Every structure is written in C-alpha cells, then in structure tokens.
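Colleague:
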C-alpha cells in the first residue's frame, strides 16, 4: 500500500 | 480545495502481458466503514 | 468532458498537484473509490461532476448517475490491473487473483502493490470490461499488499  | 480529473488513457486489455503476483487465499472481515482486516 | 476512459483524480491548493486516485468514466458516469474523494464533488475541465450513488462499506462512489460497471470476475481467469500510478503512465499488469474469504462470500483479490494514489485503477477481464477497482485491501505479514477486486451493483 505504499491498506488504501 | 480543487479536486479535479484528468484523462489518462483508454481502457483496453493488453495482449501478451506481463503476468506477475501470487494468488493468496486469505480469511478477511469487512467492517461497516469499508475496512478489510485479516482474521 | 465525460468521454469514456481512465482518469487521474488530482487535488491542488496553492502549490502543485497531488494524485489522490484514479477512476473510470463509462456511460457518462464517473466511478472511483470513496476513500479517494471522500464522496466530494469533482471538477472536469470547466464542468462539475456531482456525487450520485455511493457506499462507504463498499468504498465506492459514482458521479452523474448510478453505478454502471457490471462485469464480474469469473473466479477462474487471469485479469489485468490497468494501473495508473502517480507520475507514471498507465500500464497493464496481468495476474491470477487470489481470494478474500469472508463470512458473506468470496471476493477476488490481487497481490499487486502500488502507491496510495493508484487507488481506483480499474481491473479488467479479457474483453476489456471493468470487473472492479483496485485499492481497498489488506497488508499481509511480510508487508506486501492484497487488494480486493471491488465491484458495485449495477441496479
């Protein structure tokens, strides 16, 4: 994710 | 706050594409605010 | 102004822009994930797109009309993420989904990791139909990511  | 959209391309399936990633089998729960969590 | 295609969702104030997500224009309706826009209005060129339908539990929102994307993952076949990452051109990534098993049924899920602003990128079947949007998922033990294939209901 760089959870969204 | 200026929230805006910009076109980024056509939606097309690519022939002969790179296949990657695994295929995990996970037990999850989803709450009323849209959060998935691992059980 | 609402021509079919995939779009970046950007925010700007006084300095530069930031890509907060992505979405799909189809049949005059813009489709994205709720966490991208928080359900707020969007500008498209000189025009305004107003929220029409959405659901925080599904993490989805449509603009200008009801949700139009109705294709479903067949539970069997490989799919493609049409990833539109911040500052990068759109790219197709093919993968065999895994599964989110929930008390209410199974959902396909893709083990592909992209920056937060890639949220809303479409996942496609072999016919090019959008079977869901990328970006609502979980982080597994090693820190990698799995996204549900999130699809709405076309009423």
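Protein chains in written order, with the entry's author numbering: chain D, 1 to 2, 4 to 5; chain A, 49 to 87; chain B, 17 to 171. Note that beta-carbon positions come from the ideal geometry of N, C-alpha and C, so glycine has one too.
(1) What is the C-beta distance between residue 135 of chain B and residue 151 of chain B, in whole angstroms, given that I count them as a contact (C-beta under 8 angstroms)?
(2) Taking C-beta to C-beta, are residue 79 of chain B and residue 46 of chain B nearer than 7 angstroms?
(3) Any Cβ of chain D within less than 7 angstroms of the Cβ of residue 51 of chain B?
(4) Can you pull the chain A neighbours of residue 161 of chain B, defined as C-beta to C-beta under 7 angstroms?
(5) Whose Cβ in chain D lies nearer than 9 angstroms to the Cβ of residue 178 of chain B?
(6) Using 8 angstroms as the Cβ pair cut-off and three pairs as the minimum, do the segment 95-107 of chain B and the segment 129-144 of chain B touch?
(7) Output, in chain order, the set of chain D residues within a Cβ distance shorter than 9 angstroms of residue 61 of chain B.
(8) For a test of the three-state rule: what should DSSP assign to residue 72 of chain B, helix, strand or coil?
Modeller: Judging by the given coordinates:
(1) About 3 angstroms separates the beta carbons of residue 135 of chain B and residue 151 of chain B, which is inside the 8 angstroms limit, making them a contact pair.
(2) Going by C-beta atoms, residue 79 of chain B is nearer than 7 angstroms to residue 46 of chain B.
(3) Residue contact with chain D for residue 51 of chain B: present (Cβ-Cβ distance below 7 angstroms to some residue of chain D).
(4) The premise fails here: residue 161 of chain B is roughly 10 angstroms from chain A at the closest Cβ pair, so nothing lies under 7 angstroms.
(5) Because residue 178 of chain B is not part of the residues shown, which for chain B are 17 to 171, the question remains open.
(6) Yes, the segment 95-107 of chain B is in contact with the segment 129-144 of chain B.
(7) Chain D residues near residue 61 of chain B: none, gap ~27 angstroms exceeds 9 angstroms.
(8) In this structure, residue 72 of chain B counts as coil in the three-state DSSP scheme.
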